[PDB]
Participant: 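Structure incoming, see below.
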Amino acid sequence: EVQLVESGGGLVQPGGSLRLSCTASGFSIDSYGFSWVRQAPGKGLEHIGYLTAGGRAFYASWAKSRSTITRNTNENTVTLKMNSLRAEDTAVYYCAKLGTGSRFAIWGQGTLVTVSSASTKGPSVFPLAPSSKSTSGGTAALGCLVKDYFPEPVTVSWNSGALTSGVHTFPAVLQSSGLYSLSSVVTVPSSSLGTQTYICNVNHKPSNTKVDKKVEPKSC
Amino acid sequence: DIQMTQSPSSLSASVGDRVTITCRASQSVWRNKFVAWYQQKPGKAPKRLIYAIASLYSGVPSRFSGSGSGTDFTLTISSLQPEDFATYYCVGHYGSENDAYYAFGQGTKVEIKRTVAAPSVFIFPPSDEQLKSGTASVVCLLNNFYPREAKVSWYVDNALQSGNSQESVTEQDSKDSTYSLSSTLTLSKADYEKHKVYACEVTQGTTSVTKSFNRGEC
Amino acid sequence: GXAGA
């Protein structure tokens with residue numbers, strides 16, 4: 001059908017540059033004007049610049065000094081280059097025909113660019129152990145603290161996906177150390193703590209690390 | 001530069017409610033016509049619903065409609081449905097014959113109203129495993145509460161803590177429309193072991209609930 | 001149809 005396939009992205013040291021491209025499928029890149037847009041974690045959408053259908057690039061004032069948007073009619077691509085990047089340029093970056101006044105609209109899938117001097121590192125996964133004795137009316141809370149990994153993202157499942165009810169996996173926070181940390185919890189019956197095994201499965205594809213952590217009740 | 005503003009930024013509504021979201025541009029949009037409305041759900045890319053102010057894209061429910069002119073535009077949802085709770089963005093095109101720009105509004109988050117619900121509050125000491133490494137993470141869980149607004153405060157030997165905690169909140173639950181919240185107090189192993197009483201206090205309106213442990217006492 | 005044309 002019609003697609004806009006986005007590529008590039010990953011890690012950029014502060015002061016470095018990003019290069020992202022989108023390849024059009026089912027239409028000609030020359031036919032339309034395309035924007036670049038970004039979204040920092042938990043924030044709103046932000047316009048970077050626009051390459052008209054005629055091939056002239058204009059930029060949001062905040063982005064003009066560092067940004068270049070070009071197209072390659074031979075390869076059917078559009079491309080964004082930004083240099084002198086800083087931490088606040090960490091965001092999901094999208095190419096898109098926004099379709100504000102025309103019927104055609106299409107977006108790339110988005111790709112994360114993280115701007116940081118941190119080194120890629122898998123998480124340390126510590127237990128949030130439930131007390132053997134409930135103090136909350138017969139339910140127990142347990143989980144795993146997924147600490148000091150970089151970059152985003154991680155996924156967490158419980159018992160290889162068999163336990164989903166009552167699970168809350170929280171958005172990560174960025175620590176002052178530049179590493180991420182998140183917790184994932186589940187509430188269960190405290191009567192199940194003796195019979196049921198609880199294992200969190202933590203995947204960190206950026207560091208090619210998977211951690212499975214059995215969370216056992218706390219004694220005494 | 002060019003700037004767009006949506007009102008409100010946050011909206012709580014019930015299924016069946018009529019919803020109106022306004023958007024004002026700092027200057028007239030291209031041809032007084034080039035505004036679209038997008039819908040975005042957590043972890044997903046933005047989906048366009050309306051373009052050219054009032055045109056609906058194929059497959060977009062007719063309960064969505066768009067109006068306005070020049071600098072002012074309005075998204076109307078005639079009867080809010082479960083699949084409509086999401087964040088909505090207006091997006092406008094601007095420029096001249098040798099100028100071309102776009103701007104987004106800040107977004108309007110439409111969440112689902114429900115009964116007040118107090119959190120189940122749990123507090124986790126740092127694991128012995130972690131303490132071996134020289135850091136202590138103390139974790140306070142607020143499980144399945146409403147509304148989202150809540151003040152979490154940490155106390156160590158009855159001393160209010162400040163600056164040494166970070167907090168995260170889930171998106172509204174698909175089933176019961178509540179929120180959950182995780183707050184982590186970070187201390188050195190040394191500091192942790194120089195104190196006994198660790199307490200997480202949750203305040204919502206007229207109620208404060210404080211949950212405590214004493215280090216070493218199971 | 002867009003600006004800058």
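The figures that follow rest on heavy atoms only: side chains count, while hydrogens, waters and symmetry mates do not. Below, chains carry the letters A, B, ... as their sequence lines are ordered, and counting in each starts from 1.
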Participant: Decide yes or no for B:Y102 and A:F58: does some side-chain heavy atom of the first lie under 4.5 Å from some side-chain heavy atom of the second?
Facilitator: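 No, their side chains stay 4.5 Å or more apart.
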Participant: What part of B:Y51 gets within 4.5 angstrom of chain A, counting heavy atoms only: side chain, backbone, both, or neither?
Facilitator: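 For B:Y51, the contact with chain A is made by backbone and side chain together.
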Participant: Which atoms of A:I106 come close to chain B, meaning under 4.5 Å heavy atom to heavy atom: side chain ones, backbone ones, both, or neither?
Facilitator: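 Contact with chain B: none, neither part.
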Participant: Between A:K218, A:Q175, A:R103, A:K147, which has the largest tally of heavy atom pairs under 4.5 Å with chain B?
Facilitator: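 Option with the greatest count: A:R103.
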Participant: At a heavy-atom separation under 4.5 Å, does A:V125 approach chain B through its side chain, its backbone, both, or neither?
Facilitator: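 Backbone only.
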Participant: Let me know if B:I123 has heavy atoms under 4.5 Å from chain A in its side chain, its backbone, both or neither.
Facilitator: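 Neither part.
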Participant: Take a 6.0 Å sphere around NZ of A:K81 and say whether it holds more than 12 heavy atoms from other residues, nucleotides or ligands.
Facilitator: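 Result for NZ/A:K81: open.
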Participant: With a 4.5 angstrom heavy-atom cut-off, could you sort out which part of A:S131 is near chain B: side chain, backbone, both or neither?
Facilitator: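 For A:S131, neither part sits under 4.5 Å from chain B.
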Participant: Side chain from CB out, backbone as N, CA, C, O: work out which of these in A:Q39 comes under 4.5 Å of a heavy atom of chain B, or both, or neither.
Facilitator: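 The answer is the side chain of A:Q39.
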Participant: Which bit of B:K211 comes within less than 4.5 Å of chain A, counting heavy atoms only: side chain, backbone, both or neither?
Facilitator: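 Just the side chain, heavy atoms under 4.5 Å.
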Participant: At what distance, to the nearest 0.5 angstrom, does CH2 of B:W154 lie from OG of B:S162?
Facilitator: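 So the CH2 of B:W154 and the OG of B:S162 are separated by 14.0 Å.
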Participant: Between A:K43, A:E46, A:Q109, which shows the greatest number of heavy-atom pairs under 4.5 Å with chain B?
Facilitator: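 Top option by heavy-atom pairs under 4.5 Å: A:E46.
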Participant: Sort B:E171 into side chain, backbone, both or neither according to what part of it lies under 4.5 angstrom from a heavy atom of chain A.
Facilitator: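 No part of it gets close to chain A.
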Participant: Just by modelled atom types, is the B:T178 backbone N or O under 3.5 Å from a matching donor or acceptor in the B:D176 side chain?
Facilitator: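 Checking the backbone N and O of B:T178 against the side chain of B:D176, a donor-acceptor pair under 3.5 Å is found.
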Participant: Any idea which of B:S182, B:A45, B:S120, B:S137 has the most non-hydrogen atom pairs under 4.5 angstrom with chain A?
Facilitator: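 Answer, by heavy-atom pair count under 4.5 Å with chain A: B:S182.
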Participant: Using non-hydrogen atoms and a 4.5 Å limit, figure out which bit of A:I48 sits close to chain B: side chain, backbone, both or neither.
Facilitator: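 For A:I48, neither part sits under 4.5 Å from chain B.
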Participant: Which atoms of A:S132 come close to chain B, meaning under 4.5 Å heavy atom to heavy atom: side chain ones, backbone ones, both, or neither?
Facilitator: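 Neither part; nothing is under 4.5 Å.
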Participant: With a 4.5 angstrom heavy-atom cut-off, is it the side chain or the backbone of A:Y59 that approaches chain B, or both, or neither?
Facilitator: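 Backbone only.
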Participant: Kindly determine whether B:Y94 and B:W30 satisfy ring pair (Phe, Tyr, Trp, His ring centres under 6.0 Å), including the steps that lead there.
Facilitator: CA-CA 5 Å; B:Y94 308 80; B:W30 183 240; 9.8 Å; no
Participant: Looking only at the aromatic ring of each residue, does the gap between the centers of A:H204 and A:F150 stay below 6.0 angstrom?
Facilitator: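 Ring centroids of A:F150 and A:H204 are no less than 6.0 Å from each other.
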Participant: Check whether the ring centres of B:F213 and B:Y198 lie less than 6.0 Å apart, and answer yes or no.
Facilitator: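 Yes, close enough.
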Participant: Are the side chains of A:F126 and B:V139 in contact, using a 4.5 Å heavy-atom criterion?
Facilitator: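 Heavy-atom side-chain distance check fails, nothing below 4.5 Å.
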Participant: Is it the backbone or the side chain of A:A129 that comes under 4.5 Å from a heavy atom of chain B, or both, or neither?
Facilitator: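 Just the backbone, heavy atoms under 4.5 Å.
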Participant: So which atom in B:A100 and which in A:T52 form the shortest heavy-atom distance, rounded to 0.1 Å?
Facilitator: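 For B:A100 and A:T52, the tightest heavy-atom pair comes out as CB-CG2, 4.2 Å.
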Participant: Which one wins on heavy-atom pair count under 4.5 Å against chain A: B:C90, B:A52, B:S55?
Facilitator: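 Of the options given, most contacts go to B:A52.
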Participant: Which answer fits A:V37, side chain, backbone, both or neither, if we ask what part of it has an atom under 4.5 Å from a heavy atom of chain B?
Facilitator: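 It is the side chain, since no backbone atom gets that close.
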Participant: Counting neighbours of CD on B:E193 that are heavy atoms of other residues, nucleotides or ligands and sit closer than 6.0 Å, is the number greater than 12?
Facilitator: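 Counting other residues, nucleotides and ligands, CD of B:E193 exceeds 12 neighbours.
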Participant: Given that the side chain runs from C-beta out, which part of A:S181 has a heavy atom under 4.5 Å from chain B: side chain, backbone, both or neither?
Facilitator: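 Neither part.
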Participant: Looking at A:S183, A:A105, A:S102, A:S61, which makes the most heavy-atom pairs under 4.5 Å with chain B?
Facilitator: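 Heavy-atom pair counts peak at A:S102.
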Participant: Just one of B:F34, B:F73, B:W37 clears the side chain to side chain contact (heavy atoms under 4.5 Å, CB included) bar with B:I53, so which one?
Facilitator: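 Running side chain to side chain contact (heavy atoms under 4.5 Å, CB included) over B:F34, B:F73, B:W37 with B:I53 returns exactly one hit, B:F73.
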Participant: Would you say that B:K189 contacts B:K132 through its side chain, given a criterion of any heavy-atom pair below 4.5 Å between the two side chains?
Facilitator: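 Not in contact.
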Participant: Chain A heavy atoms under 4.5 Å from B:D128: which part of the residue, side chain, backbone, both or neither?
Facilitator: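 Looking at B:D128, nothing touches chain A.
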Participant: Can you tell if the side chain of B:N143 reaches within under 4.5 Å of the side chain of A:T187, non-hydrogen atoms only?
Facilitator: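 Yes, close enough: below the 4.5 Å cut-off.
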Participant: Identify which part of A:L145 has an atom lying under 4.5 Å from any heavy atom of chain B, answering side chain, backbone, both or neither.
Facilitator: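 Answer is side chain: those atoms of A:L145 sit under 4.5 Å from chain B.
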Participant: Side chain, backbone, both or neither: which part of A:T135 has an atom under 4.5 Å from a heavy atom of chain B?
Facilitator: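 It is both, since atoms from each part get that close.
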Participant: Using a cut-off of under 4.5 Å for heavy-atom pairs, which of B:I2, B:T135, B:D99, B:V29 has the most such pairs with chain A?
Facilitator: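 Ranked by contacts with chain A, first place is B:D99.
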Participant: Where on B:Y89 is there a heavy atom nearer than 4.5 Å to chain A: the side chain, the backbone, both, or neither?
Facilitator: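 The side chain, not the backbone.
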Participant: Between A:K133 and chain B, with a heavy-atom cut-off of 4.5 Å, which part of the residue counts as in contact: side chain, backbone, both or neither?
Facilitator: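 For A:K133, there is no contact with chain B at all, as no heavy atom is under 4.5 Å.
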Participant: How about B:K41: does its NZ atom have over 12 heavy atoms from other parts shown lying under 6.0 Å from it?
Facilitator: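 Counting neighbours around NZ of B:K41, more than 12 heavy atoms of other residues, nucleotides or ligands fall under 6.0 Å, so yes.
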Participant: When the ring centroid of A:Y32 is compared with that of A:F104, is the distance short of 6.0 Å?
Facilitator: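 Yes: the rings meet the under 6.0 Å criterion.
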